[PDB]
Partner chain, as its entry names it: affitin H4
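Just one chain follows, in the form solved without the partner chain, and it is written as structure tokens.
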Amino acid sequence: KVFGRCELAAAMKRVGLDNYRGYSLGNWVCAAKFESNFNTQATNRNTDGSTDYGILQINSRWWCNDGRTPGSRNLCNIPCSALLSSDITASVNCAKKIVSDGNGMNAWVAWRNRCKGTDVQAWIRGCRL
């Protein structure tokens, strides 16, 4: 599923992401935009052989098990395919573990390079949340 901007904002808020660990909703919507373009089915392979999954492009090396990443840790206890669902709950739950990880949202390279320090409030502008 390809979410609309405000639709995703509302789904994320409902599942408790707004200000989770100090990160406003605009941060999460911005990250989804640049990581997957709001598409739950997005997958991208990495150079080390691991693969990024879903709306938040969660990496198979540490977070999920895709059965093809030798030595993956699967810290979120889920098959990576679960992250491609039209229901963002699993992705959000795993993201909550990642952001609590100590590095914050810097774990997401697109957030660091394209969202960090920008007026992320523009991302939820006009939405009825």
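Residue numbers count along the first chain shown, from 1.
Averaged over their C-alpha atoms, the temperature factors of 27-35 and 60-68 are higher for 60-68. The stretch 73-81 shows the higher mean C-alpha B-factor when 73-81 is compared against 36-44 in the entry. Sorting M105, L17, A110, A10 by the CA temperature factor given in the entry leaves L17 at the top.
Placement of the Cα temperature factor of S86 within the chain: highest third of the modelled residues, per the deposited record.
In the PDB entry, a CA B factor belonging to the highest third of its chain's modelled residues is recorded for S100.
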